[PDB]
Amino acid sequence: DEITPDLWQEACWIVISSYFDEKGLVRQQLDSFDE
Amino acid sequence: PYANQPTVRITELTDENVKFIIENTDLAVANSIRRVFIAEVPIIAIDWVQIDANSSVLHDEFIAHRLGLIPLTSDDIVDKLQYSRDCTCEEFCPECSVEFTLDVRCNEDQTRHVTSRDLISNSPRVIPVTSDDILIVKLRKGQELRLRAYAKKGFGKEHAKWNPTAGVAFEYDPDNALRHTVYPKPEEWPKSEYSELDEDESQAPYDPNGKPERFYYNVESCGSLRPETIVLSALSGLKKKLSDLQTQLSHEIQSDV
Amino acid sequence: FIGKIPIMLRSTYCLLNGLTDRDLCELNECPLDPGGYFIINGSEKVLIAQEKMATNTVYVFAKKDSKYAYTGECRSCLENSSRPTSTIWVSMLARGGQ
Amino acid sequence: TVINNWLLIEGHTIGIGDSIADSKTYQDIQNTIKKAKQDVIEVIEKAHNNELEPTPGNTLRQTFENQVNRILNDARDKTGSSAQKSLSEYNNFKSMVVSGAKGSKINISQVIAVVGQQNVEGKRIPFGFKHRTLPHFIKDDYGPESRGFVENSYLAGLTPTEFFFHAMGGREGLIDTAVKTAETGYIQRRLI
Amino acid sequence: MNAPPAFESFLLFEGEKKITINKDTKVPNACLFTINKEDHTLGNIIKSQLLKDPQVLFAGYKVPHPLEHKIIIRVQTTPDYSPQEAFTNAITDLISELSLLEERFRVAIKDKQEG
Amino acid sequence: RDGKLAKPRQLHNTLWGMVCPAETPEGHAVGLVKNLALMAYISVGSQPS
Amino acid sequence: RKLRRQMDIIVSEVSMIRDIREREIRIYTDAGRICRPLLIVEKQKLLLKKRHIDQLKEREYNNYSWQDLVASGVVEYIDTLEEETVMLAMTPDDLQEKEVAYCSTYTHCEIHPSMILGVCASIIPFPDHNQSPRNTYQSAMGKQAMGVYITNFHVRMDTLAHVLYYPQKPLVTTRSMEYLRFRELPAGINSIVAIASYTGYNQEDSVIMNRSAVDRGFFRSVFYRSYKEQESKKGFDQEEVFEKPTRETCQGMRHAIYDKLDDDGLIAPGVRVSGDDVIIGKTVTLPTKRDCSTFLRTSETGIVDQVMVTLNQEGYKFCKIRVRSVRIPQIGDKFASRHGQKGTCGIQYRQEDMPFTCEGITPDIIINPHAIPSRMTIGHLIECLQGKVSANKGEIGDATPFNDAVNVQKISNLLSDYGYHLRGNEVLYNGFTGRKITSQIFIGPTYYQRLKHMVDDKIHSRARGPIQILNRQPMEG
Amino acid sequence: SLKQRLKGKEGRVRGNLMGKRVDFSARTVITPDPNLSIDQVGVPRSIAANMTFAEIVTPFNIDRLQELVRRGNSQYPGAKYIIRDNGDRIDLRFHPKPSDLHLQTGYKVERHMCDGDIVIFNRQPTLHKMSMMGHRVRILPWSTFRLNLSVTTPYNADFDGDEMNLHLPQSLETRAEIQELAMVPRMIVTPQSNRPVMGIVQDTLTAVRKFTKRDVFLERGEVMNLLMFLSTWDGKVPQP
Amino acid sequence: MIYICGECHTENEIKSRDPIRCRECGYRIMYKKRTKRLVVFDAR
Amino acid sequence: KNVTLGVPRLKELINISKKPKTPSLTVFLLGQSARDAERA
Amino acid sequence: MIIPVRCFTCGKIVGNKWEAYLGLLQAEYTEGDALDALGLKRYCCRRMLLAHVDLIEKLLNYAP
Amino acid sequence: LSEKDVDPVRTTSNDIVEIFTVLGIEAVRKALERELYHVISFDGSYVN
Ligand SMILES: [Mg+2]
Ligand SMILES: [Zn+2]
Ligand SMILES: [Zn+2]
Ligand SMILES: [Zn+2]
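Right, let's walk through the structure included here. As presented, residues are numbered from 1 along each chain according to the written sequence, a scheme that may differ from that of the entry, and residues lacking coordinates are left out. Chains and ligands are labelled by the order in which they are written, letters from A for the one and numbers from 1 for the other. Any value mentioned applies to the visible chains, which represent part of a larger assembly rather than the whole. Note that the side-chain values use all heavy atoms of the structure and ignore hydrogens as well as water.

A tally of helices and strands in chain G yields nine helices and 26 strands. A compact globule built from 477 residues would reach a C-alpha radius of gyration of about 23 Å, whereas chain G, at 30 Å, exceeds it by more than 25%. Referenced to the eigenvectors of the C-alpha coordinate spread, the extents of chain G come out at roughly 95 × 70 × 50 Å. The proportion of buried residues among the 477 residues of chain G is 66%. Counting only carbon and sulfur atoms, one obtains 49% of the accessible surface of chain G, whose full area is about 17000 Å². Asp and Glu are treated as the negative residues and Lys and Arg as the positive ones, with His and the ends of the chain left uncounted. To locate a charge, take NZ of a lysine, CZ of an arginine, CG of an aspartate or CD of a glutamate. Taking the average location of the 63 positive side-chain charges in chain G and that of its 59 negative ones, the two points are 2 Å from each other. Labels follow the DSSP assignment, with helices taken as runs of H or I lasting at least four residues and strands as runs of E lasting at least two, numbered in each case from the N terminus. To get the radius of gyration, use the C-alpha atoms; to get the globule rule, take the number of residues to the power 0.38 and multiply by 2.2 Å. Buried residues are those whose accessible area, probed at 1.4 Å on protein chains only, stays under 20% of the maximum for their type, while exposed residues exceed 50% and partly exposed ones sit between those limits. The method behind every accessible area is Shrake-Rupley, applied with a 1.4 Å probe, and residues are considered shielded solely by the protein chains displayed.

So this is what it looks like as structure tokens:
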């Protein structure tokens, strides 16, 4: 339904973890060179 | 003007630790005993490594470092063993050192754990304490570690590998009657395991005439010596330090006159 | 053949592209290595991002020292053509002149 | 040599316990900061309703900023003094300040009561965004939180906006240090 | 590159005296004992034993430098008592106490091990 | 020339979430060398057709 | 906005800005725009729901990833220009919850406020409890710490490389450190640090280290120096080759011993080397042949780790020689925590000399209490307190900056459950005398770093050295 | 061209006359040493064993300098060179044969730096006189320069990685110059503000504040311990 | 004079004059074999 | 109000310049205007 | 890279507890419960295993 | 300075050039003292 405050801390870091699973940390350098 | 008459009450004696209380002693004597436990009790440790082959992922003096820190059984052999410097041999011999050999080759897809069980000594008296075993290095297939090492006598004042203790708990005045430590808020401080105060009480009443006595010890052994052997060796070692000083002092007094 | 382009490691045109972590270890490459640099004569060279003012945008600034009360500049660049950027200024002359 | 060896008996430390204050002291600090915010709100209402009369030598904006800054400056002093009075004789922050060895009254207050107003070039945090200091505030927000007033202490920790404004204020100190190193000895070598 | 051998802290080099006694001319019946290759282990125990002597007016020790391995023990005694005599009696008492402690710790080990 | 007109060493409000507010070399390079925030992304560009 | 959130015609990185006052809509598609992902808020509610979180939890074996959040319209990238038109909520649980109506038109929410920090500032624990310049100083020190810079460091032959024997992951850590792989490749050790004035050797940002801990490998590290030499045949008259020079063959040879060199002119791996030794024997034919062998610097004293021989890009035979040198911590070496508290080792005390607790624990590092009050690095004190609870509890402590679930009082209450003073103070005994110290010393585990700056790399002396021929003035030889 | 050789910050007139590299100088990291005097600097053995001072051979020191020549570079403290009355230099380590190493009055023996040697100790930037003060050398067994905690204030020095330069005066005339003009104790009060330039610092300042509190009481044993560190103590225990 | 190939890890005796290359692999990166001389480590 | 201080002001003095950064005066009144705000 | 033989603080043996510690964790023990099962009472020794990173495992993924 | 009801004695300027051309070199010597003293003593520091 909705993310309650008692679950927000777990939820937000699952979103953050997924972001770095997809992008990493040097995605800017590699994306720029690929272009 | 004369010596104390200290008494000993051993509270616990296992293969790992000895817990005892010394009473009717000065704080300096009690403290000097615990410093000898750590720094002046001789044991046997590896202090010489030649590495014939080392294909592992750890460099040579990484492996040697780990070997030196492996505790070796030195309960009774240590007393009759000599210091290499004192020994008259050609830098090594059975009277002042124990030879060790390690020859491990990995030929299997499974990672090979080179442990202290692979350390082989020419003296049955001096063996690695664990023989779980202490891991020296993990070998991949095709990697080998071949070395020979010598274990010699020494005490913790030279290197921490000759320290026989895994922790020396020392305490006195658990209720702070002497006020040697001043708590800004005594109520916030947990009671000592040796404390003899009620739950409501936080500090013992100040004892202006009191002196540090009834010192509590918990000598935990690494394994080289029995915990009781450490204390007995420390008392004889500290006694030998003073007797040696007295012998030198006597000559100095004679020379002065 | 017209030349050779230095390749950024772990990019789509790098040999270590799509290789699994086990494959990278077979090549003596650290899987945790992020790539994003060039090997130029054996030296790993990283290109530092260079911060510059946005182009094609009109910016109105004021310079006290200069003779213009206000200057509206615009660094114009094509849509991926003629890398050189031509800047045009539209400055209002200062009122100091009497 | 004499006192370095007595300090072996006395000992000297610093820890979390020295950074804490009484619950009563914390309540007093909170009341002061809560009232100080309300005072700034009233000054804002006067300016918004055109009931703020500029003082001589200053425009309306300078008058408002002066009035707001003194309210927040007074609040920091009021909370800072309150935190210092709560310290005991045993407190190690106070012992180092009292002897003059290290730290000052402001350091104690910042650790215990309030970090205070962050300033860039002598003024509150500028509206770097369009009429906003950060995108997390409303436009034309002159309240203490918007303009860089850290209401927390270092023990309590800063909020994300306070953390960034404190970083903005701390960058000014970093720049000044670099300039002084560049200027170090320049005048001396010219005079010599 | 300047690291000293770990054994320098307890091994006397050639021509080094373990203990040397120097008279302290500032006060009568005072001597300075410079003991080489010793540390707080013997300095503290000796100094505390001396203070138990009622004929010892002053007893103190010091390590002049932690990186060096000397302890200086200053002993001032009453006119009828020698600082050297106080030092020897202090060591005998410590040896007596340590010997007594060895015996009684050995008895305790037997008691605990026996049951 | 552009950097002379306005000082870029200062931490601007707009760096929030884009550039780390803490990471910057000390010395002559304070505030001139910057580092991306963790979730900061730089666009690679696309055609507006 | 709808098209971008559906990713129909407008890509995610396209920023649309409307200046309502100026009656202008600016759409930017070019490169170089810095943007960050922000959660979309509609009607004071997050479009991110429990269903999105549940799918993300099964990230693998589900094909659900970050891109589905962007495609679902739950999160979008906002550049700086668009951020000026964005009403941003720091957190959903506090900002857009029903309360006094400060703002009821939030358009976006932060995923977490701690993402404002970069890579180096993201390892600082409790960075919001430190003075800001100290967070800047640590970001500099973190890049000079020692650890395992890369896993395949044995294959690499870098001019300089420092490897710590026993890197540890911090007992107290930040959530962001999971993505920096700082756990996988840590740079530092968790040290039992006492904040006390023991003997005056930790004054003015100096440190007292435990000699017994150093003897056990505490902060021991390796130093690898790689030397490359190539032989060039350019010039018909001169032709330099690799071989150990011989007295009869070469007209001029230094008195340095060439026994270390092999018949190919290269020292073999596993051989002790010093300044007087020659690692590469290179001889150039005269227009007898002159020798041009390479010597080591007097300072260096290590063992030849690796010797590789190849042809460089130019096709000339060249060799890379890696020398291994173990660096044991000593007086003068720089150590730092993650809070800008940098200092050299003033002196090292053996375990018996160090002050000890009732349990016999002696601090590995003792730092002066005077380092804290001026710097106001309260995060260092909180990290030690949290780390003490972590080591006793068996749980890695969370030092994420803007976490309301963690505060000193909560950490203190936990420390009481383990039979310790709630504020981390302990009764320490004097190592020299065994007497209780009157003050109770703040002691606990803190993550320290060994910095690349060693005193051996810096100590250097000059006394009637090799002056220059032209200037007749001093120069390095 | 010739004009280029002189022009520039690195020219002969500026880069080789006003400032220049100097012999008999050392530099390393500085660490605290509360056990040294303010006018005393701890020196690594390697630095001392590398830097030398030329001692003119006299019947006062003929035997003492003869021993140092015998010990040579191999053993510290020793000597590096011998300068005869002719002014010619003999490298000792090459040939230690005592027959060729007999000393006589007028010879100069470049003995290794020893304890009590006067050096100029400097931290950069050198802003005032107290940035270059004279110290007595104290050989210590590790690789750092040691400083009393009080002289850190005049030097503006910290023990967090700071490095300081050591300059060894090479003659009796210049050695006497440092002793009588530039030693640390003579620099205690600065003419800049007619006030002391160095004072009591962090631990000693925090502790002396506690030590002097009205309720600080010392037992007999404690007092005798503090008196062991009072070099000026006359030997009489005060009436409690 | 044994050199270990970096690709296949083949030990092959190589003269100074002849080109450096794996006899069977053809690889061009060669590592010297560890010295047969004995070096002592103190386990300190 | 604000005037140059510190190094930049110290620089101006040793670097005597026809135009200081913040030239200013300090006028004192010798009549009743000195003690009378309206007359001042 | 590999588990230290001794605890740095006290010298207690820790080099024979990493494999047991990993086994206990595989047995659903909490990190604190596993350390207590291994006899690590002092938090200095618990620090040794709680904060250890076993890089030797990944170093063995590279062929010699 | 010439303005009526303006103290022609205490009135001064922080511009050294203005003082030099109005009062003289000795006035500059005194004015330079005061300017140099003011900057030094602004932070509470003291110089002989
Ligand atoms: Mg510094
Ligand atoms: Zn023998
Ligand atoms: Zn091959
Ligand atoms: Zn432990």
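Further notes follow.
Now for the interface of chain G and chain D. The criterion used for residue contact is that any of the two residues' heavy atoms lie within 4.5 Å. Contact residues are listed per partner, giving 59 residues for chain G and 44 residues for chain D. Computed with a 1.4 Å rolling probe, the buried area is the accessible surface lost when two parts are put together, summed over both parts. A buried area of about 4200 Å², summed over both sides, lies between chain G and chain D, and 65% of it is on carbon and sulfur atoms. A side-chain nitrogen of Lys or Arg and a carboxyl oxygen of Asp or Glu constitute a salt bridge if their distance falls within 4 Å. Our enumeration of links across chain G and chain D arrives at zero salt bridges. Pairing of N or O atoms within 3.5 Å defines a polar contact, subject to two protein rules: one partner must be a possible hydrogen donor and the other a possible acceptor, and residues neighboring in sequence count only if both atoms are side-chain atoms. Counting across the chain G and chain D interface gives 18 residue pairs in polar contact. When contributions to the side of chain G that touches chain D are tallied by element, the ones reaching two or more residues are β6 (88–89), α5 (132–142), α7 (371–375), α8 (378–393), α9 (408–416) and β25 (441–450) of chain G. Each residue gets one of three labels, nonpolar for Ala, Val, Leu, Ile, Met, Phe, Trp, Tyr, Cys and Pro, charged for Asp, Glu, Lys and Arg, and polar for the others, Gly among them. Its residues assigned to classes, the side of chain G that touches chain D comprises 30 nonpolar, 19 polar and ten charged.

With that out of the way, let us pick up the packing of helix α5 (residues 92–99) of chain D against helix α6 (residues 105–112) of chain D. Residue and element names in this part refer to chain D. Fitting a line to C-alpha atoms yields each axis, with helices limited to the stretch in contact; the angle taken between N-to-C directions then spans 0 to 180 degrees. Interaxial distance between α5 and α6 falls to 9 Å at its minimum, and their mutual angle equals 165°. When the axes of α5 and α6 are compared, the pair comes out roughly antiparallel. Considering how the two elements wind past one another, α5 and α6 form a crossing that is right-handed. Here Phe93, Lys94 and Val97 of α5 lie close against α6, whose contacting residues are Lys105, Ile108 and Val111. Angle categories: roughly parallel below 35 degrees, roughly antiparallel above 145, roughly perpendicular from 65 to 115, and oblique for all the rest. Note: crossing handedness is left-handed where the near helix turns anticlockwise from the far helix by less than a right angle, and right-handed where it turns clockwise.

All names here are of chain I. The rule for donors is simple: N, O or S, within 2.8 Å of the metal, or within 3.2 Å if the metal is Na, K or Ca. Water isn't counted, so a site may look like it is missing partners. Each protein donor to the zinc ion (ligand 3) is listed here as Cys5 (SG), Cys8 (SG), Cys22 (SG) and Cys25 (SG); together their distances run 2.3 to 2.6 Å. Donor angles set the geometry label: tetrahedral for four donors if every angle is between 85 and 135 degrees, square planar for four and octahedral for six if opposite donors exceed 155 degrees and the others are between 65 and 115, irregular for anything else. One can describe the site at the zinc ion (ligand 3) as tetrahedral: its four donor atoms subtend angles covering 103 to 125° at the metal. Expressed as a motif, the donor residue spacing for the zinc ion (ligand 3) is C-x2-C-x13-C-x2-C.

It is worth spelling out the arrangement of the chains at this point. Contact between chain A and chain H is absent, and the minimum C-alpha spacing across the pair is 32 Å. Chain B makes no contact with chain J; the smallest distance between any of their C-alpha atoms is 45 Å.

Another aspect to go through is the coordination of the magnesium ion (ligand 1). Coordination of the magnesium ion (ligand 1) by the protein involves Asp158(H) (OD), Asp158(H) (OD), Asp160(H) (OD) and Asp162(H) (OD), with metal-donor separations of 2.1 to 2.6 Å. Along the chain, the residues donating to the magnesium ion (ligand 1) are arranged with the sequence spacing D-x1-D-x1-D.

For the rest of this paragraph, the subject is the packing of aromatic side chains. Paired rings are identified among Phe, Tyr and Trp, the last through its six-membered ring, by centres lying within 6.5 Å, and are further divided according to the angle between planes into stacked (under 30 degrees), edge-to-face (over 60) and tilted (the rest). All chains considered together, the criterion is met by 50 aromatic pairs over all chains. Ring centres 5.6 Å apart and planes at 75° place the aromatic pair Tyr172(B) and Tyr429(G) in the edge-to-face group. One end of the pair, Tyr172(B), is in the loop between β9 (165–171) and β10 (215–221); the other, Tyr429(G), is in the loop between β24 (425–426) and β25, on a second chain. Considering the side-chain rings of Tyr420(G) and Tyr43(K), the 5.8 Å spacing of their centres and the 75° angle between planes classify their relative orientation as edge-to-face. Remark: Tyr43(K) occurs in helix α3 (residues 43–50) and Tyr420(G) occurs in the loop between α9 and β24; the pair is interchain, linking two chains. Summarising the burial analysis for this pair, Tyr420(G) and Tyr43(K) share the class buried.

Looking now at the environment of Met113(H). Assignment of secondary structure puts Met113(H) in the loop between β6 (108–112) and β7 (118–122). Measuring from C-alpha to C-alpha, the distance between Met113(H) and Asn50(H) comes to 7.8 Å, with 63 residues separating the pair along the chain.

What follows concerns the sheet that holds strand β2 (residues 11–13) of chain I. Judged by pairing direction, the sheet is antiparallel, and its seven strands sit side by side in the order β8(G)-β12(G)-β19(G)-β18(G)-β3(I)-β1(I)-β2(I) without closing on themselves. This sheet does not close on itself; its edge strands, each paired only once, are β8 (160–164) of chain G together with β2 of chain I. Neighbouring strand axes in the sheet, compared pairwise and without regard to direction, differ in orientation by 30° on average. As judged from the ten bridges shared by strand β12 (residues 221–230) of chain G and strand β19 (residues 317–327) of chain G, these two strands associate in the antiparallel manner. The residue bridging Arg225(G) from the neighbouring strand is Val323(G), located in β19(G). A pair of strands counts as paired when DSSP detects no fewer than two bridges linking them.

On to helix α8 (residues 220–227) of chain H. All of the buried residues along α8(H) are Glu222(H), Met224(H), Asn225(H), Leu226(H) and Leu227(H). As for α8(H), its buried residues are in contact with α1 (2–10) of chain D, α1 (40–51) and β3 (56–62) of chain E together with α7 (202–211) of chain H.

Attention now goes to the nonpolar core. What we call a nonpolar core is a set of buried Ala, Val, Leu, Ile, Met, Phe, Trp, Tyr and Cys residues that are connected through their side-chain atoms within 4.5 Å. One finds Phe20(B) and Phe87(E) to be the most contacted residues of the largest nonpolar core, which totals 318 residues. In terms of residues, this core owes the most to one element, helix α2 (residues 83–114) of chain E, which gives eleven residues. Segment limits for the domains were obtained from an automatic or database-derived domain assignment. Each of domain 1 (1–42 + 161–257) and domain 2 (43–160) of chain B contributes no fewer than three residues to this core. With near-sequence residues (within four places) excluded, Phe20(B) lies in contact with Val8(B), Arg9(B), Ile10(B), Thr11(B), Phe37(B), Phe215(B), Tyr216(B), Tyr217(B), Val219(B), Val231(B) and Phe105(E). In terms of nonpolar packing, the next biggest core, distinct from the first, is built from 33 residues, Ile47(H), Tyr76(H), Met130(H) and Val184(H) among them.

What follows concerns the pairing of strand β1 (residues 2–5) of chain I. Residue and element names in this part refer to chain I. Taken together, the three bridges between β1 and β2 define a ladder with antiparallel strand orientation. Paired with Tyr3 across the two strands is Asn12, which belongs to β2. Of the strand pairs in this sheet, β1 and strand β3 (residues 30–32) are connected by three bridges, and their pairing is antiparallel. Counterpart to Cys5 in the pairing with β3 is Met30.

Across a sheet, paired strands are connected by hydrogen bonds in the backbone, their directions being either parallel or antiparallel. All names here are of chain G. Reading across the sheet, the three strands line up as β13-β15-β16 and stay open at both edges, with antiparallel pairing between neighbours. A single partner strand is all that each edge strand has here, and the edge strands are β13 (240–242) and β16 (289–291). Strand-to-strand twist in this sheet, taken as the mean axis angle between neighbours without regard to direction, amounts to 30°. The pairing of β13 with strand β15 (residues 282–285) spans three bridges and is classified as antiparallel. Bridge assignment links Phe242 to a residue of β15, and that residue is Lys282.

Grouping into patches uses exposed residues only, defined as over 30% relative accessible area, and leaves out salt-bridged ones; the cut-off is 9 Å for like charges and 5 Å for nonpolar side chains (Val, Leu, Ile, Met, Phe, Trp, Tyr). Together, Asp1(A), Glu2(A), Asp94(G), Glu97(G), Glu99(G) and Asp404(G) give the surface a local cluster of negative charge. Of note, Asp94(G) is situated in the loop between β6 and β7 (108–109).

Buried residues of helix α2 (residues 50–57) of chain G: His52(G), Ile53(G) and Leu56(G), and no others. Each buried residue of α2(G) lies within a common arc of 100° when the element is viewed along its axis, so the set occupies one face. Buried residues in α2(G) make contact with α1 (5–22) of chain A together with α3 (66–71) of chain G. Arc definition: it is the arc formed by the directions from the helix axis to the C-beta atoms.

This brings us to the packing of helix α1 (residues 27–39) of chain B against α1(E). Packing of α1(B) against α1(E) leaves a shortest axis separation of 8 Å and a crossing angle of 165°. Judged by the angle between their axes, α1(B) and α1(E) are roughly antiparallel. Here α1(B) runs over α1(E); the crossing is left-handed. Contact residues: α1(B) offers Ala28(B), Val29(B), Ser32(B), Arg35(B) and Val36(B), while α1(E) offers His40(E), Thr41(E), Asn44(E), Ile45(E) and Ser48(E). The residue inventory of the contact of α1(B) with α1(E), partitioned by class, reads four nonpolar, five polar and one charged.

For the rest of this paragraph, the subject is the pairing of strand β1 (residues 7–13) of chain B. Residue and element names in this part refer to chain B. As paired strands, β1 and strand β2 (residues 17–23) are joined by six bridges and run antiparallel to one another. Each bridged residue has a counterpart across the sheet, and for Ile10 the counterpart in β2 is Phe20. Hairpin connection, β1 to β2: the antiparallel pair is bridged by three residues.

Attention now moves to a nonpolar patch on the surface. On the surface, a cluster of nonpolar side chains totalling about 450 Å² of accessible area is made up of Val58(C), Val60(C), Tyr70(C) and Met92(C). With respect to the secondary-structure elements, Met92(C) resides in strand β5 (residues 86–93).

Moving on to the environment of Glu228(B). One can find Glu228(B) in helix α4 (residues 227–256). On the basis of relative accessible area, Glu228(B) is assigned to the buried category, the value being 5%. Each residue touching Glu228(B), except ones within four places of it in the same chain, is listed here: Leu13(B), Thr14(B), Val18(B), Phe105(E), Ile109(E) and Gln113(E). A distance of 2.9 Å separates a polar atom in the side chain of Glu228(B) from a polar atom in the side chain of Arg226(B).

Geometric values such as these leave the question of function open.
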